[PDB]
Amino acid sequence: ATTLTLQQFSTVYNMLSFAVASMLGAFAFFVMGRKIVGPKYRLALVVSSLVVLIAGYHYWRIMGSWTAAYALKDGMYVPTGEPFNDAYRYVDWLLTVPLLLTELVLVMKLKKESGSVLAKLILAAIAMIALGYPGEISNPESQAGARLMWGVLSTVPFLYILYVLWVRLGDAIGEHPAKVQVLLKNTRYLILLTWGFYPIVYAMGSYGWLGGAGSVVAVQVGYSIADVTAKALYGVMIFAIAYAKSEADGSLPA
Amino acid sequence: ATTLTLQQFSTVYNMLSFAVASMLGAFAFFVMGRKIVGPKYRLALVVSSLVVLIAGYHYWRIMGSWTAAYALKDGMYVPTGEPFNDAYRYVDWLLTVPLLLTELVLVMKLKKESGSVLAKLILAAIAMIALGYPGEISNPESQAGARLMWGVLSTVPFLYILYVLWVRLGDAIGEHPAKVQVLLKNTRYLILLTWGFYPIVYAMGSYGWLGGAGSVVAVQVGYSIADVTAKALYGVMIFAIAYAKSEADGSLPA
Amino acid sequence: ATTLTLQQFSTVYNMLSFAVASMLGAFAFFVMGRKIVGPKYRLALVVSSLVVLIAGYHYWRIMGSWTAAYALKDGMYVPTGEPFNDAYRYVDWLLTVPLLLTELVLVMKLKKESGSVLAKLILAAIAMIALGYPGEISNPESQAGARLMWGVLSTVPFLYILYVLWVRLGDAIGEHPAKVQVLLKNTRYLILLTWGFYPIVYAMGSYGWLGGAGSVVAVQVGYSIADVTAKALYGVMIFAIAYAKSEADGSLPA
Amino acid sequence: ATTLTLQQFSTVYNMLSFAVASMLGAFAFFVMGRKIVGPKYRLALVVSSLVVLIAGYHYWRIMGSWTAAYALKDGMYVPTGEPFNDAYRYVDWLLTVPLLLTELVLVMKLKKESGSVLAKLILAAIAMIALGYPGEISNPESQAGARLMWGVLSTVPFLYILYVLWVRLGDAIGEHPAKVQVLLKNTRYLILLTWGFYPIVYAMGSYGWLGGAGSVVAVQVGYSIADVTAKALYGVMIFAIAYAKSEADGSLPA
Amino acid sequence: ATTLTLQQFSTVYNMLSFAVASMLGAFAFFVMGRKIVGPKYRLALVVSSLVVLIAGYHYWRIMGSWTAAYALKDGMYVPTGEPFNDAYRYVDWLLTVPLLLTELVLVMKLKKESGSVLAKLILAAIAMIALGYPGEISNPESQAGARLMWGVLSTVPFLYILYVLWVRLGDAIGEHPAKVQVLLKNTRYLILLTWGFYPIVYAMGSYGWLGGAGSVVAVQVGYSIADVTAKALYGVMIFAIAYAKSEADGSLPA
Ligand SMILES: CC1=C(/C=C/C(C)=C/C=C/C(C)=C/C=C/C=C(C)/C=C/C=C(C)/C=C/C2=C(C)C[C@H](O)CC2(C)C)C(C)(C)C[C@H](O)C1
Ligand SMILES: CC1=C(/C=C/C(C)=C/C=C/C(C)=C/C=C/C=C(C)/C=C/C=C(C)/C=C/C2=C(C)C[C@H](O)CC2(C)C)C(C)(C)C[C@H](O)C1
Ligand SMILES: CC1=C(/C=C/C(C)=C/C=C/C(C)=C/C=C/C=C(C)/C=C/C=C(C)/C=C/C2=C(C)C[C@H](O)CC2(C)C)C(C)(C)C[C@H](O)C1
Ligand SMILES: CC1=C(/C=C/C(C)=C/C=C/C(C)=C/C=C/C=C(C)/C=C/C=C(C)/C=C/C2=C(C)C[C@H](O)CC2(C)C)C(C)(C)C[C@H](O)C1
Ligand SMILES: CC1=C(/C=C/C(C)=C/C=C/C(C)=C/C=C/C=C(C)/C=C/C=C(C)/C=C/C2=C(C)C[C@H](O)CC2(C)C)C(C)(C)C[C@H](O)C1
Ligand SMILES: *C/C=C(C)/C=C/C=C(C)/C=C/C1=C(C)CCCC1(C)C
Ligand SMILES: *C/C=C(C)/C=C/C=C(C)/C=C/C1=C(C)CCCC1(C)C
Ligand SMILES: *C/C=C(C)/C=C/C=C(C)/C=C/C1=C(C)CCCC1(C)C
Ligand SMILES: *C/C=C(C)/C=C/C=C(C)/C=C/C1=C(C)CCCC1(C)C
Ligand SMILES: *C/C=C(C)/C=C/C=C(C)/C=C/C1=C(C)CCCC1(C)C
């Protein structure tokens, strides 16, 4: 593998520590702020906490992996041979991606067919991660065909999730007040922006653009930014929607 | 022992980390969602949390064992001589298996003879694990007779547990509304499917089919899947039954 | 010291891990089930949690000691020279034994002289452990006289505790309903059975019967069984008595 | 790097441990004292806890770094070559500085334009830390120009934050009773005093005054004092303002 | 430094572990028993928890230091050269000593000038520890003058604290019922007895009486006993006073 300078290793280490601290803070906030909203939305906040808890644990492992993957030697960071690859992140995703959609459904309080919509979204998310995993461990050079096939098969449930978010949930969003509608539309925009990061990284790794110390650093920093935005800030938006709906129906504990 | 490739070791490590994260998330969810159901069912949820807490600790140990059982050497994972065997899992089972049945009884609110049914189930579960343990540490080649005898003796309380689940608890299940009856029958199906995994693994290890890196990987992955399904998803079903019964009697805090 | 086989070391390690998991589960259960009983008994449950918390920490240390006391070498476990002896357990006992009696008094709600009875029991327990400690560190061969003297002096407060349990607390037990009387008598029987284990181990170590790998394994397994029964199951019985008394006076939150 | 005497290393280690203990105590206090004030201010206290939680984690890392940066050798502490620099602290600041201002807004209960003021302050704080980071990793000798430019660009949002604190928030402060006005003015004075420490350290590092064991020790001790005062004591003042306002409107739970 | 026998090292290690377990148990008890007293006294209990939490963390460090300060070699414990001295304890004291007095004021509910009395006591405690620290790191042989001067300057605020405890707080104590007066006087006696331990150890270290393995062991055991009595048992007395005052005014939740 490529050698890293002190600054490159430090940048990746700092961004991983930032992700760990963000998940710990988000967990504390969701647990304690569950009591601030009406009792009807607390379940949704519970799920938010689970997400930032799981990712938190996983990031604590990833950080430990990163330190173990390099050794300091003559003012350079030289790979030790201990593995460090994105495949481990899939273990996080298979739990967090289905839970994320779950909280969005829970806070929405769908009047009809809530169970069927939630079940189909959870199945789509699980299938997306499960089909993505075999392509990720495929070597982009020796096994390009397998990587392309698995990525294309993984994109189908991703498109189904986007369709359900923008087409089915439109009519449910339209039944909320203006404040709640703005918050829900902003939450949907935050999914689209953050979730496309992962397929783009997969595609760049398929075309062999991720070689080099620069690319290695950028991908880890992008993972930390994307995970924090898609989990902690996403849960904060869920909390904001729950608080607004509690204020609308007069169920706010304050 | 057999040497592992990078992918085989990574697969086992990732599945163990997945089990740890699943137990931690389940624990947080049961603790926080205890307040979402009526006060009559909270004790049941408490027991659910205990299960996912205990298994969680144990999986954190198993993961640590797995890393200690192999060393990276010339792009292969070579056994270090530190032990790694299924016997340690029995220490988990002796607590979790009696507790699992316990929560199913607690959420059911048996009108008569609840204590006697629960006591007999707990004794059956303890006896099953206690008789299974001597056969597991029996060498399948030198001590085949002892392994067969202990497995057969362990299966008797297993059959008694299945009989009590399907024959005694039928009349109690029939006294619930349709939603609760569907949830209880699905919970019983989830026990039968997940619990048979363990005796099948024991029997395959008795016939010498578990040699080889492939079998080693498959058994650990199957253990992680079976444990997560039989503890975290099982507790989620217990939570669903408690929520449905709270909604039926008008005791839902919301 | 004697060398251990793989199975002997594994058995001791598994029993220590079992004790750790049991104390962690008991702690979670007592903390969460405090809200299930009436407010008059919650203090008693609090003390229960403290016991299983303290022992839990101590067992986490003992486990760490055991691994450090032996090294794997030619398929045998050879002592490293790092100490491992029962004296460390006394540090646990000096806190847990006075607290155990405390919870039994607290749940009992003595009408008169509760303070004096509790104070005398706490002083007796402290004196018992404090007089036992100098005899334990006495070499059974070179310092037999000192060991005998300290054990005999330690037994006097033990007999006083048994006398107070069976003679003073008889009249208080007789003032409870039949269910509560059965639970209290069973709790008293559980003390007598579990508490005699420790003096028997001390006496066997005084007569030089504890040499050999078999004896070493048996004593650690017996310590784990006795501690779990005398702390976690004892607290569960305290919880059962509190729940029964809450149901009797109509103070049950459910 | 310069060698440290035993006393210099010990002083830095003790001050880091002090910061860790202070953040842990502050976290426990804010979590438990949230229930002591009226429900209208609890959200503010929640944010306080998040701050002392995040910094706590980060200080636990910094302490671990410091021990790793030196080795004991011939009664002197000699640098090992493992890095130890202030850049890691920026990862803490980017979360804590926006949250600190947040709690001050939350406890204040701005009647109009609360959202816009809070958003502008959060953006200013993020920009301040983000522009400060490139100058900190700039070598003060080889890259003086870049360090000066980044520091000057970082000071603009700092001045905007001070202006908003003293000019916009004046009219809001004037609408509180005398006790609350005194507490708010003291809180504003505590920001000005503690926050200027960081730019002064940056400027001293730009002029090359931070060489030498004395300067190294003083800067770490100053960081610990400044962080504890600006986070734990600042949150205690937030708690005092919340308690005073709860007492003023008769919402105190006691 | 002096070599230790197995028993001397074991005694110090066991007493440090005892202090850790005592602080953890005290923390759990204060957190859970806060709900058992009236809402007017809960803040006081919160502060109690903070004390036993901080000391707990610090003792976990001290224990780790002690193990690191010696190595097992030929059945003796030989110093490794890693430092172990009392100066680190001052980092604990500077937080815990001001908090201890704080809880005593908080539970007392001073009718007039509570703020001024508490502020003066906190300032006196901080000054006492801050003036003690420079004398502790003074070598008792080469720097006897500095040690004497710093100790004498540290004793002045100690005498002021004792004067405030016995002279100002007399009239406030006289306004409580007989039970509360007895508890307050016993709490004052527990301060005087436990707090004089520290200056006596300082004075003995000034006269060179602390050399030798015996003295080394005795001082650590005395520190553990004094800290446990002055923090955990002191908080238990605070809890007893709060419970008695809750029972007196009819604010007991039970
Ligand atoms: C191509 C390819 C693949 C797959 C690639 C994939 C799936 C890529 C996915 C990329 C996506 C979905 C990117 C999405 C980006 C969306 C953007 C940038 C959306 C922008 C929206 C904004 C900024 C809206 C702004 C706002 C508006 C308009 C209204 C609001 O009120 C306020 C505000 C939020 C500012 C594989 C995986 C099959 C492998 C193969 O080898 C290559
Ligand atoms: C043989 C042997 C041994 C023991 C082996 C043992 C005990 C094996 C145990 C295996 C068992 C009990 C397997 C059980 C499998 C059960 C299955 C596959 C059940 C399937 C049920 C389904 C899929 C139901 C589906 C559903 C239905 C029908 C209705 C619901 O509403 C909806 C839905 C859940 C889809 C030893 C231990 C003595 C050692 C010896 O050397 C060898
Ligand atoms: C002799 C000796 C020493 C000391 C030894 C000591 C103190 C030994 C202590 C042993 C004791 C106290 C043993 C106690 C055993 C008690 C038993 C086995 C009690 C049995 C009770 C049962 C099983 C009751 C059963 C039940 C009944 C009867 C009614 C209930 O409703 C239902 C049920 C629980 C089943 C030293 C320490 C001085 C050193 C010296 O060198 C040697
Ligand atoms: C110059 C320079 C830079 C930047 C430096 C900067 C931004 C320095 C910042 C320093 C600041 C803002 C210092 C502020 C100090 C403020 C003080 C000391 C305020 C004192 C207030 C007190 C003590 C008030 C006392 C009170 C009063 C008056 C009323 C209250 O009721 C009671 C009490 C609190 C006692 C860079 C970053 C561009 C790099 C370049 O190379 C050099
Ligand atoms: C001398 C010296 C220094 C300083 C030394 C210092 C400050 C020493 C301090 C020692 C102190 C203050 C010791 C205090 C001891 C107090 C005792 C023993 C109090 C006893 C009270 C009891 C036992 C009361 C008992 C009770 C009574 C009377 C009524 C209650 O209702 C029930 C009960 C608690 C039993 C330095 C630091 C300047 C350095 C220099 O080189 C040497
Ligand atoms: C918190 C973590 C999140 C939101 C992770 C999201 C991950 C994805 C949306 C992954 C998508 C993929 C595809 C659409 C196809 C290529 C393979 C994947 C798994 C990278
Ligand atoms: C969470 C863990 C669970 C549910 C473990 C379940 C384990 C069993 C059902 C084990 C059964 C066995 C037999 C029926 C006979 C052979 C020996 C055993 C112990 C593997
Ligand atoms: C949870 C731990 C428990 C209940 C420990 C109990 C320990 C004893 C009852 C010890 C008793 C002893 C004697 C009666 C005399 C000999 C010395 C002792 C300390 C082993
Ligand atoms: C708890 C941590 C706190 C409050 C950190 C505050 C940090 C600053 C106010 C930093 C300010 C800076 C400038 C004004 C310019 C030079 C660069 C900075 C980042 C040191
Ligand atoms: C929990 C820890 C406690 C109560 C520590 C108390 C410490 C003291 C009272 C220290 C007193 C000292 C003097 C009076 C003069 C000599 C220097 C000191 C710091 C040892």
Side-chain angles (χ1 to χ4, degrees), chain A residues 51 54-55 86 89-90 92-93 96-97 99-100 125 128-133 135-136 147 150-159 161 191 194-203 206 223 226-231 234, chain C residues 51 54-55 86 89-90 92-93 96-97 99-100 125 128-133 135-136 150-159 161 191 194-203 206 223 226-231 234, chain E residues 132 135 144 147-155 158-159 162 182 185-186 188-190 192-193 195-200 202-207:
Chain A
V51 172
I54 293 170
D86 295 344
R89 294 171 174 289
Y90 283 64
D92 174 48
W93 301 347
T96 52
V97 175
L99 286 190
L100 288 165
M128 176 176 81
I129 304 306
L131 296 181
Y133 191 85
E136 174 64 359
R147 190 163 168 98
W150 289 123
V152 167
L153 289 173
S154 189
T155 58
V156 175
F158 177 59
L159 292 184
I161 293 170
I191 286 160
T194 56
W195 287 34
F197 177 78
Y198 312 82
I200 289 185
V201 168
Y202 181 102
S206 297
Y223 270 134
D227 283 339
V228 167
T229 312
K231 295 169 161 87
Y234 176 83
Chain C
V51 172
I54 293 170
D86 295 344
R89 294 171 174 289
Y90 283 64
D92 174 48
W93 301 347
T96 52
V97 175
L99 286 190
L100 288 165
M128 176 176 81
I129 304 306
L131 296 181
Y133 191 85
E136 174 64 359
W150 288 123
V152 167
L153 289 173
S154 189
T155 58
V156 175
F158 177 59
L159 292 184
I161 293 170
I191 286 160
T194 56
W195 287 34
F197 177 78
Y198 312 82
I200 289 185
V201 168
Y202 181 102
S206 297
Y223 270 134
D227 283 339
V228 167
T229 312
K231 295 169 161 87
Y234 176 83
Chain E
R147 190 163 168 98
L148 175 59
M149 191 196 60
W150 288 123
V152 167
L153 289 173
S154 189
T155 58
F158 177 59
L159 292 184
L162 302 172
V182 169
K185 287 178 203 247
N186 288 341
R188 200 165 50 177
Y189 280 126
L190 184 163
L192 184 61
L193 161 71
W195 287 34
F197 177 78
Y198 312 82
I200 289 185
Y202 181 102
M204 289 195 296
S206 297
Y207 276 81

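Ligands are counted one by one from 1 in listed order, and the atoms in each one are counted from 1 as well. In the text below, chain A, chain B and the rest are named by the order of the sequence lines, each starting its count at 1. Computation of the quantities below employed the complete heavy-atom set of this structure, encompassing side-chain atoms and omitting hydrogens, waters and symmetry-equivalent molecules.
A ring-ring contact (aromatic ring centres under 6.0 Å, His included) with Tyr198(C) is found for one member of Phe158(C), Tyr90(C), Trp93(C) and no other, namely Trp93(C).
Atom 30 (C) of ligand 5 lies below 4.0 Å from at least one non-hydrogen atom of the protein. Contact annotation for atom 6 (C) of ligand 5: protein present (non-hydrogen atoms, distance under 4.0 Å). For atom 35 (C) of ligand 5, no protein non-hydrogen atom is found at a distance below 4.0 Å. When distances from atom 42 (C) of ligand 5 to the protein are checked, a heavy atom turns up under 4.0 Å. Within the 4.0 angstrom cut-off, atom 1 (C) of ligand 5 has no protein heavy-atom neighbours.
Looking only at heavy atoms of the protein, atom 20 (C) of ligand 5 is closest to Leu192(E) CD2, 5.0 Å. Nearest non-hydrogen protein atom to atom 9 (C) of ligand 8 is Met128(C) CE, 3.5 Å. Ranking protein heavy atoms by distance to atom 3 (C) of ligand 5, first place goes to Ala203(E) CB, 4.3 Å. Among protein heavy atoms, atom 4 (C) of ligand 5 sits closest to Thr155(E) CG2, 4.0 Å. Counting protein heavy atoms only, atom 12 (C) of ligand 5 is closest to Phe158(E) CE2, 4.1 Å. Protein heavy atom at the shortest distance from atom 14 (C) of ligand 8 is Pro199(C) CG, 3.5 Å. Of all protein heavy atoms, the one closest to atom 13 (C) of ligand 5 is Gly196(E) CA, 4.4 Å. In terms of protein heavy atoms, atom 33 (C) of ligand 5 is closest to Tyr189(E) CD1, 4.7 Å.
Within the 4.5 Å cutoff, side-chain heavy atoms of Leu99(A) are placed close to those of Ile54(A). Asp92(C) places a side-chain heavy atom less than 4.5 Å from the side chain of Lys231(C). Put simply, the side chain of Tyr223(A) reaches to within 4.5 Å of the side chain of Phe197(A), judged on heavy atoms. Residues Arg147(E) and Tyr202(E) have side chains in contact (heavy-atom distance under 4.5 Å, counting atoms from C-beta outward).
Residue nearest to atom 3 (C) of ligand 8, selected from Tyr223(C), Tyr198(C), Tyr202(C), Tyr234(C): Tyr198(C) (by heavy-atom distance). Of the listed options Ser154(C), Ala230(C), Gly196(C), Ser154(C) places a heavy atom closest to atom 15 (C) of ligand 8. With atom 19 (C) of ligand 6 as the reference point, the heavy atom nearest to it among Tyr90(A), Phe158(A), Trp195(A), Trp150(A) is part of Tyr90(A).
Contacts of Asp227(A) with ligand 6, taken as heavy-atom pairs under 4.0 Å, involve the side chain alone. Of the heavy atoms in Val51(A), none comes closer than 4.0 Å to ligand 6. Of all the heavy atoms of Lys231(A), the ones lying under 4.0 Å from any atom of ligand 6 belong exclusively to the side chain.
Set against the non-hydrogen atoms of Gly151(E), the atoms of ligand 5 under 4.0 Å away are 38 (C). Interface atoms of ligand 5 facing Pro199(E), defined by a heavy-atom separation under 4.0 Å, are 5 (C), 6 (C), 7 (C), 8 (C). Counting the atoms of ligand 5 from 1 in the order shown, those under 4.0 Å from a heavy atom of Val152(E) are 38 (C). Those atoms of ligand 6 that come under 4.0 Å of a heavy atom in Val97(A), given as number and element, are 3 (C), 4 (C), 5 (C), 6 (C). Heavy-atom contacts of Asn186(E) reach the following atoms of ligand 5: 30 (C), 31 (O) (cutoff under 4.0 Å).
Judged as a side chain to side chain contact (heavy atoms under 4.5 Å, CB included), and not counting sequence neighbours, the contacts of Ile191(A) are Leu104(A), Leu165(A), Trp195(A), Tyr234(A). For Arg188(E), there are no salt bridge (charged side-chain N to carboxylate O under 4.0 Å, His left out) partners at least two apart in sequence or on another chain.
When all heavy atoms are compared, the tightest approach of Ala230(A) to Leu100(A) is O-CD2, 3.5 Å. Shown here for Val97(C) and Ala125(C), the closest heavy-atom pair between the two residues is CG1-CB, 3.7 Å. Contact detail for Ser154(C) and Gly132(C): the closest heavy-atom pair is OG-N, 3.5 Å. Across all their heavy atoms, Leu131(A) and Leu153(A) have their closest contact at CD1-O, 3.4 Å.
Distances shorter than 4.0 angstrom do not occur between any heavy atom of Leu193(E) and any atom of ligand 5.
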